[PDB]
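Here the structure comes first, spelled out in structure tokens, and everything after it is commentary.
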Amino acid sequence: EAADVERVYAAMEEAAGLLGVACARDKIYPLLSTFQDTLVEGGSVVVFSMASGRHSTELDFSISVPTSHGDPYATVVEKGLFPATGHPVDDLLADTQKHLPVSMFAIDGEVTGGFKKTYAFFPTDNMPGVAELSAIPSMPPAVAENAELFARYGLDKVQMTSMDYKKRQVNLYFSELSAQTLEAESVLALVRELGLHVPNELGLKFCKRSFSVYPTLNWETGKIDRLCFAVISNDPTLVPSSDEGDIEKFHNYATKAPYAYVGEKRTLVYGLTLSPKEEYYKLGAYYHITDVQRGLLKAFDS
Ligand SMILES: CC(C)=CCC/C(C)=C/COP(=O)(O)OP(=O)(O)O
Ligand SMILES: [Mg+2]
């Protein structure tokens, strides 16, 4: 439906407008048209994410794609929207769906850069572990090489994975996080073992409220590139930053981002990313939600 396409793109321009970013129509429209059938409201999930620091001038968008549509990456490459990288990341999404049960896909891009990643969601009642994922042929070796470290901190079940074709990286979104996993002492030992920025009192408090945690890995080495803690809430003032700018800019976005489910508050997902020499924050404001998001809010934002 050309209608849903225009609408989704307009909302995307709105979100970008809030951060002073311009959408590259030539890179976005073709992508939205290709999966236009998935833009239907109801069972679709769409997110527009902002970030701080060196990411403050970009705006990401995520769109859920039903598995029935087939490998979303093969589609973008076949249509000529993106050039295969020639690396294992090209087959990872396909191999993941082949070896494990995938409940749904998702495409991700940046308003000025275009397409850059896909996601593979797993059934909540049938989530794979570190061992099941590390056995995927195209999966980065780093996953298996860090298996002992993951198990030591209670990172077992994975609710989904994401593949970044431009940076050739993979994220493992751990779920069912225990309390001792998110304890201050545990989080500190973990970051130190990975050589990432040490979170302060404020950051640690945010890590404790996390419902999801995801490390980023690559095919070059067995070293984790960064680690992210995600919190989901309806509260627009949670950005874990002490900078006046961030507090103001994030809260503004959280209260003005577009959303197609009037009648409820905006679902928000905040992120605290720790890299070797710094930390940055991100915030995704959902444009479209489903009962999954509602279920999560009841469980982690009560
Ligand atoms: C359709 C749905 C429900 C999408 C959810 C996407 C999500 C939780 C992304 C987290 O990664 P990121 O956006 O913070 O960045 P990166 O992958 O680059 O680390
Ligand atoms: Mg992003």
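Identifiers for the structure tokens are assigned positionally: chains receive A, B, ... in sequence, residues are indexed from 1 per chain, and ligands are indexed from 1 in the order shown.
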
task = Go through the chains and note each residue within 6 Å of ligand 1, using only C-alpha atoms and all ligand atoms, then give the set as a ChimeraX atom specification.
result = /A:45-46,62-64,106

Once you have the residues from the selection above, write them out as an mmCIF file, in the first residue's frame, restricted to N, CA, C and O atoms.
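Final output, part-v1.cif:
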```cif
data_model
loop_
_atom_site.group_PDB
_atom_site.id
_atom_site.type_symbol
_atom_site.label_atom_id
_atom_site.label_comp_id
_atom_site.auth_asym_id
_atom_site.auth_seq_id
_atom_site.Cartn_x
_atom_site.Cartn_y
_atom_site.Cartn_z
ATOM 1 N N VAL A 45 6.161 -3.770 14.181
ATOM 2 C CA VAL A 45 6.914 -3.011 15.166
ATOM 3 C C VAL A 45 7.873 -2.092 14.412
ATOM 4 O O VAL A 45 8.625 -2.538 13.552
ATOM 5 N N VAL A 46 7.835 -0.806 14.733
ATOM 6 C CA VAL A 46 8.691 0.172 14.075
ATOM 7 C C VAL A 46 9.312 1.082 15.141
ATOM 8 O O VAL A 46 8.617 1.591 16.026
ATOM 9 N N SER A 62 14.004 0.931 12.639
ATOM 10 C CA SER A 62 13.898 -0.515 12.649
ATOM 11 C C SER A 62 12.463 -0.890 12.282
ATOM 12 O O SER A 62 11.510 -0.327 12.818
ATOM 13 N N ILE A 63 12.324 -1.838 11.361
ATOM 14 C CA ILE A 63 11.020 -2.297 10.893
ATOM 15 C C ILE A 63 10.928 -3.822 10.931
ATOM 16 O O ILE A 63 11.744 -4.508 10.321
ATOM 17 N N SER A 64 9.944 -4.352 11.650
ATOM 18 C CA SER A 64 9.769 -5.798 11.749
ATOM 19 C C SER A 64 9.284 -6.368 10.420
ATOM 20 O O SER A 64 8.458 -5.759 9.737
ATOM 21 N N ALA A 106 13.599 -8.446 10.928
ATOM 22 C CA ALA A 106 13.528 -7.010 11.064
ATOM 23 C C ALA A 106 14.657 -6.413 10.245
ATOM 24 O O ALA A 106 15.736 -6.998 10.118
#
```

request  = Residues within 9 Å of ligand 2, counting only C-alpha atoms and all ligand atoms: report them as an MDAnalysis selection string.
outcome  = chainID A and resid 48:51 59:62 108:110 282 284

Create the file for the chosen residues now, containing N, CA, C and O atoms and written as a JSON list (two decimals), in the first residue's frame.
```
[["chain", "number", "residue", "atom", "x", "y", "z"],
["A", 48, "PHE", "N", 12.24, 4.36, 15.93],
["A", 48, "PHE", "CA", 13.09, 5.44, 15.45],
["A", 48, "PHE", "C", 14.01, 5.78, 16.61],
["A", 48, "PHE", "O", 13.56, 6.33, 17.62],
["A", 49, "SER", "N", 15.28, 5.43, 16.48],
["A", 49, "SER", "CA", 16.27, 5.64, 17.55],
["A", 49, "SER", "C", 17.25, 6.80, 17.38],
["A", 49, "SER", "O", 17.83, 6.97, 16.31],
["A", 50, "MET", "N", 17.42, 7.56, 18.45],
["A", 50, "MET", "CA", 18.37, 8.68, 18.48],
["A", 50, "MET", "C", 19.53, 8.20, 19.35],
["A", 50, "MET", "O", 19.40, 7.22, 20.07],
["A", 51, "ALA", "N", 20.66, 8.90, 19.28],
["A", 51, "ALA", "CA", 21.83, 8.55, 20.07],
["A", 51, "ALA", "C", 22.56, 9.83, 20.46],
["A", 51, "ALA", "O", 22.30, 10.90, 19.90],
["A", 59, "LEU", "N", 19.91, 9.11, 12.77],
["A", 59, "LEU", "CA", 18.65, 8.59, 13.26],
["A", 59, "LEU", "C", 18.44, 7.21, 12.64],
["A", 59, "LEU", "O", 18.38, 7.07, 11.42],
["A", 60, "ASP", "N", 18.33, 6.20, 13.49],
["A", 60, "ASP", "CA", 18.12, 4.85, 13.00],
["A", 60, "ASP", "C", 16.64, 4.49, 12.97],
["A", 60, "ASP", "O", 15.83, 5.06, 13.71],
["A", 61, "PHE", "N", 16.29, 3.55, 12.11],
["A", 61, "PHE", "CA", 14.92, 3.07, 12.04],
["A", 61, "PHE", "C", 14.93, 1.56, 11.93],
["A", 61, "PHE", "O", 15.76, 0.98, 11.23],
["A", 62, "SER", "N", 14.00, 0.93, 12.64],
["A", 62, "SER", "CA", 13.90, -0.52, 12.65],
["A", 62, "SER", "C", 12.46, -0.89, 12.28],
["A", 62, "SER", "O", 11.51, -0.33, 12.82],
["A", 108, "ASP", "N", 16.92, -2.81, 9.50],
["A", 108, "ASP", "CA", 17.37, -1.63, 10.20],
["A", 108, "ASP", "C", 18.22, -0.75, 9.28],
["A", 108, "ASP", "O", 19.01, -1.27, 8.49],
["A", 109, "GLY", "N", 18.05, 0.56, 9.38],
["A", 109, "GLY", "CA", 18.84, 1.47, 8.56],
["A", 109, "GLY", "C", 19.02, 2.80, 9.25],
["A", 109, "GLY", "O", 18.52, 3.00, 10.36],
["A", 110, "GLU", "N", 19.74, 3.72, 8.60],
["A", 110, "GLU", "CA", 19.96, 5.06, 9.14],
["A", 110, "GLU", "C", 19.42, 6.01, 8.06],
["A", 110, "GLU", "O", 19.65, 5.80, 6.87],
["A", 282, "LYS", "N", 21.51, 5.97, 23.97],
["A", 282, "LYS", "CA", 20.59, 5.98, 22.85],
["A", 282, "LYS", "C", 19.19, 5.79, 23.36],
["A", 282, "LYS", "O", 18.97, 5.34, 24.49],
["A", 284, "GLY", "N", 15.25, 4.74, 21.62],
["A", 284, "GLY", "CA", 14.41, 4.40, 20.50],
["A", 284, "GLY", "C", 12.96, 4.61, 20.94],
["A", 284, "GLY", "O", 12.55, 4.09, 21.99]]
```

message = I want to know what sits within 7 Å of region 8-24 of chain A, based on only C-alpha atoms, with residues of the same chain fewer than 3 positions away left out; could you give that as an NGL selection string?
response = :A and (4-5 or 27-28 or 48 or 57-59 or 111-112 or 253 or 257-258)

request  = Mind checking which residues fall within 9 Å of residue 36 (chain A), counting only C-alpha atoms, ignoring those fewer than 2 positions away in the same chain, and posting them as number ranges by chain?
outcome  = A: 1-2, 4-5, 31-34, 38-40

query = For residue 86 (chain A), which of A:182, A:208, A:138, A:247 is the closest residue, counting only C-alpha atoms?
reply =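 Once distances to residue 86 (chain A) are computed over only C-alpha atoms, the minimum belongs to A:138.
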
key: Within 7 Å of residue 129 (chain A) using only C-alpha atoms, minus same-chain residues under 6 positions, as a list in words   = residues 156, 157 and 158 of chain A

Let's have the selection written as a compact mmCIF listing (two decimals), in the first residue's frame, with N, CA, C and O atoms.
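Writing the result to selection-v6.txt gives the following:
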```
# COMPACT_ATOMS: atom_id res chain seq x y z
N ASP A 156 22.86 -16.54 29.13
CA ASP A 156 22.56 -17.80 28.46
C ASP A 156 21.57 -17.64 27.32
O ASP A 156 21.93 -17.71 26.15
N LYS A 157 20.31 -17.42 27.67
CA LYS A 157 19.27 -17.28 26.67
C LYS A 157 19.33 -15.99 25.86
O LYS A 157 19.54 -14.90 26.39
N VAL A 158 19.15 -16.15 24.56
CA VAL A 158 19.18 -15.04 23.64
C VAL A 158 17.82 -14.88 22.98
O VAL A 158 17.29 -15.81 22.39
```
